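J.: Just need the structure, nothing else, for what follows:
(4 chains, ligands or ions: 7)
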Amino acid sequence: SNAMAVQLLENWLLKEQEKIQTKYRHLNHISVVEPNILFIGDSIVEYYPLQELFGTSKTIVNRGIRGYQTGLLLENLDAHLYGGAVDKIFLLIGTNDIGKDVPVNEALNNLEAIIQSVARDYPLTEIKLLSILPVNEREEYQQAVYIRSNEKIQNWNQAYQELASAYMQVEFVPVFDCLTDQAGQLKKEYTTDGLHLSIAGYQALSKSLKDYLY
Amino acid sequence: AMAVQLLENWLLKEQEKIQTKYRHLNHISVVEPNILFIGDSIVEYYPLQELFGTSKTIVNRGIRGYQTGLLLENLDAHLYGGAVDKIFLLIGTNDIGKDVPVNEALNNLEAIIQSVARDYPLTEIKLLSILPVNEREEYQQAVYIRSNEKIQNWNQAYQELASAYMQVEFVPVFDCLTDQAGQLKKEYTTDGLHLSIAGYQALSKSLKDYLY
Amino acid sequence: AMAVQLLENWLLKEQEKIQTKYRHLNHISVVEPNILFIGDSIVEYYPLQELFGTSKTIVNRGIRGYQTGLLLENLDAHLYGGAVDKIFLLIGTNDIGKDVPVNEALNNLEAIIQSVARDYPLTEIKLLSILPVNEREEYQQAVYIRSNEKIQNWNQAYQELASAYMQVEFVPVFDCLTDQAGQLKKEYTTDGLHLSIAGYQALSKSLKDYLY
Amino acid sequence: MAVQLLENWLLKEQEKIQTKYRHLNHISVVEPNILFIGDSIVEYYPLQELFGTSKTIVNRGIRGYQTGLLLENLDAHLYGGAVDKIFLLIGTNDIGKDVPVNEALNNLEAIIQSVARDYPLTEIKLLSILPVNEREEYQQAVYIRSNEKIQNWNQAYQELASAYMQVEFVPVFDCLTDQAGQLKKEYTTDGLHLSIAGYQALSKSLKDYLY
Ligand SMILES: [Mg+2]
Ligand SMILES: [Mg+2]
Ligand SMILES: [Mg+2]
Ligand SMILES: [Mg+2]
Ligand SMILES: [Mg+2]
Ligand SMILES: [Mg+2]
Ligand SMILES: [Mg+2]
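T.: Numbers count the residues shown, from 1 in each chain, chains lettered A, B, ... in the order given. Ligands and ions are numbered 1, 2, ... in the order given. Below is the structure in question.
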């Protein structure tokens, strides 16, 4: 690598995120569907084949953005919310806070502020706060997994669970264990690069989430 | 006796026609019901779109004159959709009006609940309290043998049934609709039994939070 | 004669009740109609939501047994909204059924069109052809004195009236509902006059280019 | 060479999407009524939020795609037992890479023939390639594409469509141009890709072909 190229790639990620935020802000106004469920979060959400794995009878709208962290979501929360009859918001975020060494208390405070902001504007809407998903710690996946570890992820998940217990409208959704193998790693078949999910991974995640859609 | 029997025949014919309509519509409908409203004439004549709006797709499967037995026997006509979040059920005032024994009506309702629990396992049933009537003499032609004392007793039984089933929530709306004398408000009714638009506005306001 | 008068009285009472319902709903509806459907029982009973969907807000202002004169007299009950794009009007089969003189019905329709042109100047009116009936003897109870010959003559008059008014388009749907004998298809009808769900599917398909 | 490795980036991202689609084709829980196939403009198209879900429309677009890549990997883009229509938007990257028009048309003809045998009751809607905006400010995305080229390719697409009863040419180019014949500024992000206003205008133009 090359530090000039480092900056410009960081710049590439920022401009892609800004482009997607702009896209969502305009769709929020002109969309022809009413979201029953909004899926909000990071790359795992953006790339989730929601239609093809959950079907179309329940309208689930994607408001995920690659590389997102809790602070970015809080700052731009308006891009991720619309509709007159939102039953539930599914929130999957934090793996990138871990990958950037964001203090857990800062991430939590960010999540708490998101919950409170949603309560004001969407008072009858439930939030399903997903466990951060496991990673695969095999050497071959070190490039995507980076400083994430399943011990850190499990510690954050304990904190998310405690945060959920403080709000009647928030339910913690334990999906971590559904995606692990017997060594407590994200299953090889469920991953492309140790962090992101394969289609088998998304299928397994969807099976674990289905009941929470109702 | 003879003309009254022919009127009962009329009603049955109309109900059968509506059941056919519904079976056919369920098959080719261009919408996915988020919520199904099922019940008797108070449901059939409910102006759902104009009082709740269309953010949620709320589909009407009500039938005038319906009773719990008729609904059970024809339950297939009243259910469709791939992701029904909620079924709102308002029925029983015609069971009372026809002197159907409460235990029969409650067994019919339990069977409905168990059927939906099996076939629509993640769907919630919102079991409404039967609505109050107005017992004043001027409304006797519609109200007939119904009384608010009977209705409240049946509502207690509905509440108890709902308590036995995870997917069922009893929705107490009776009290929203009464005047200080415990009668369906005169302004809320057309004939002492059916609702005026003001009655439907009051009912809608009471149901709004149960939609989520 | 006593009972025939009572049946007339029954219908009159129900129509008045629906007019009151609509006047009240017009006042407090939570939706802005993009399209109003106005007319007789074929409109009242039209499953608009489940056949057209809800991408546009389509509001039902039909009344069973309606005739052009009753609609004109009560036109206020059928119209509301701050930006109505289209009004679909299906009416006249009960004028024919009651032997209303054609010139009277056409004068009534012209008055309705002129009223809407004044009060809803940016709204398009879609004036549907009266639908065919089935003339087979099994359907004589509903069909009565209606005939496809009379209906087609009235439709020619409707087309002429529409041609005179800028914001009125005649919508020829009659031929979309007939079999090879020129009758309303048996599968399209419940009683020879009213539509089955298949008949409403065919009518909805033929209206789609005028709606969207 | 950084450009060699950017070419390599794109190829690897395309292969990853092909893998994803091939697996989805097997385990999808929906029966697509309409498949949208093509390049970046398709991948990034907000189909659900702009067309709604009265019909099940499935996205099988891939960024940077060209007619040859599509033909070689056509299996990744097709599935379902009841597909009413396929919408195909592709060619702007063939123009951008200076692929001979004859080569691109033979690839498209090969694609149409393959779909014909496997999906005989399915209509193919072959879209006109969309206009670009030729202003200098957009040159990083637009590159060697010109509206003159695009219109010439669209004439050829129209002729190819005329040779198959199952294929209808869908002329949307003119719906997206300004008075100078450029892609309208408010319809574009970078002179080539569409803004949401652009996708809404495209959707409005396509509605009569979808429903
Ligand atoms: Mg909680
Ligand atoms: Mg649960
Ligand atoms: Mg319960
Ligand atoms: Mg009072
Ligand atoms: Mg709920
Ligand atoms: Mg006159
Ligand atoms: Mg052709």
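
J.: contacts and neighbour counts: CA atoms only from here.
T.: Noted.

J.: residues touching the residue nearest the centre of chain A, list them.
T.: Nearest residue to the geometric centre of chain A (CA atoms, centre = their mean): residue A:92, 2.4 Å. The neighbours of residue A:92, taking CA atoms under 8 Å, 6 or more residues apart in numbering or on different chains as the test, are A:39-42, A:44-45, A:129-132.

J.: so does stretch A:110-123 get close to ligand 1?
T.: No: where contact is defined by CA under 5 Å from the ion, no part of stretch A:110-123 touches ligand 1; the two come within 10.8 Å at best.

J.: Give me the residues contacting that stretch.
T.: Stretch A:110-123 is contacted by residues A:70-71, A:74, A:77, A:86, A:125, A:127, A:163, A:170 when judged by CA under 8 Å, 6+ apart.

J.: For chain A, which segments count as helices?
T.: In chain order, chain A shows helices spanning A:3-30, A:43-46, A:50-54, A:70-75, A:95-99, A:104-121, A:142-145, A:150-164, A:176-179, A:199-209, with DSSP state H as the criterion.

J.: buried residues in the fifth one?
T.: Residues A:95-98 are the ones in helix A:95-99 that count as buried (16 or more other CA atoms under 10 Å in any protein chain shown).

J.: Among those, which one lies nearest to ligand 3?
T.: Of all those, the one sitting nearest ligand 3 is residue A:95; the distance, using CA to the ion, is 37.6 Å.

J.: which residues sit in contact with that closest one?
T.: Applying CA under 8 Å, 6+ apart, we find residue A:95 in contact with A:69, A:132-133, A:148, A:153.

J.: who wins for neighbours among those residues?
T.: Neighbours here mean other CA atoms under 10 Å in any protein chain shown. Within the contacts of residue A:95, the largest count is held by residue A:133, at 27 neighbours.

J.: Without its sequence neighbours, what residue ends up closest to it?
T.: Nearest-residue entry for residue A:133: residue A:176, 5.0 Å, with adjacent residues in sequence omitted and distances by CA to CA, 6 or more residues apart in numbering or on different chains.

J.: returning to that earlier point: need the buried residues of helix A:95-99 in a markdown table with distance to residue A:12, can you?
T.: Conversion of those to a markdown table gives the following (distance: CA to CA, whole Å):
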| residue | distance to residue A:12 |
| --- | --- |
| A:95 | 20 |
| A:96 | 16 |
| A:97 | 19 |
| A:98 | 21 |
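
J.: ok so, going back, got TSV for the helices of chain A, with distance to residue A:62 too?
T.: TSV is the format used below for these (distance: least, CA to CA, whole Å):
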stretch	distance to residue A:62
helix A:3-30	9
helix A:43-46	7
helix A:50-54	8
helix A:70-75	14
helix A:95-99	18
helix A:104-121	17
helix A:142-145	23
helix A:150-164	22
helix A:176-179	21
helix A:199-209	14
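
J.: Tell me which of these sits nearest to residue A:187.
T.: Between residue A:187 and the helices of chain A, the tightest spacing by CA to CA is seen for helix A:176-179, at 6.2 Å.

J.: What is the distance between that closest one and the centre of its chain?
T.: When C-alpha coordinates are averaged (CA atoms, centre = their mean, to the nearest Å), helix A:176-179 and its chain have centres 15 Å apart.

J.: what sits up against it?
T.: When contacts are defined by CA under 8 Å, 6+ apart, helix A:176-179 is touched by residues A:131-134, A:184-187, A:190, A:201, A:204-205, A:208.

J.: how close does residue A:34 get to residue B:7?
T.: Per CA to CA, to the nearest Å, residue A:34 is found 44 Å from residue B:7.

J.: Could you list the contact residues of chain A toward chain D?
T.: Near chain D, the residues belonging to chain A are A:23, A:26-27, A:30-33, A:51-56, A:198-199 when assessed by CA under 8 Å from any CA of the partner chain.

J.: Would you tell me which residues of chain A are close to chain B?
T.: Where proximity means CA under 8 Å from any CA, the interface of chain A facing chain B comprises A:34, A:57-58, A:83-85, A:87, A:124-125, A:211, A:214.

J.: Could you give the number of residues near whatever residue of chain A ends up closest to ligand 7?
T.: The shortest separation between chain A and ligand 7 is 30.5 Å, found at residue A:52 (distances taken as CA to the ion). Counted with other CA under 10 Å, the burial measure for residue A:52 works out to 20 neighbours.

J.: Setting the sequence-adjacent residues aside, check what's closest to it.
T.: In this structure, residue A:52 finds its nearest non-sequential neighbour in residue D:28, 4.9 Å apart by CA to CA, 6+ apart.

J.: and the one you found, what are its phi and psi?
T.: Dihedral angles of residue D:28 (phi, psi; degrees, to the nearest 10) stand at phi -50, psi 140.

J.: For the closest residue to chain C within chain A, give me its contacts.
T.: Nearest residue of chain A to chain C: residue A:32, at 7.2 Å (CA to the nearest CA). With contact taken as CA under 8 Å, 6+ apart, residue A:32 is in contact with C:55, D:49-52.

J.: Looking from ligand 3, tell me which residue of chain A is nearest.
T.: Scanning chain A for proximity to ligand 3 using CA to the ion identifies residue A:214 as nearest, at 15.3 Å.

J.: give the contact list for residue A:134.
T.: In this structure, residue A:134 makes contact with A:149-150, A:153, A:176, A:179-180, A:184-186, A:195, judged by CA under 8 Å, 6+ apart.
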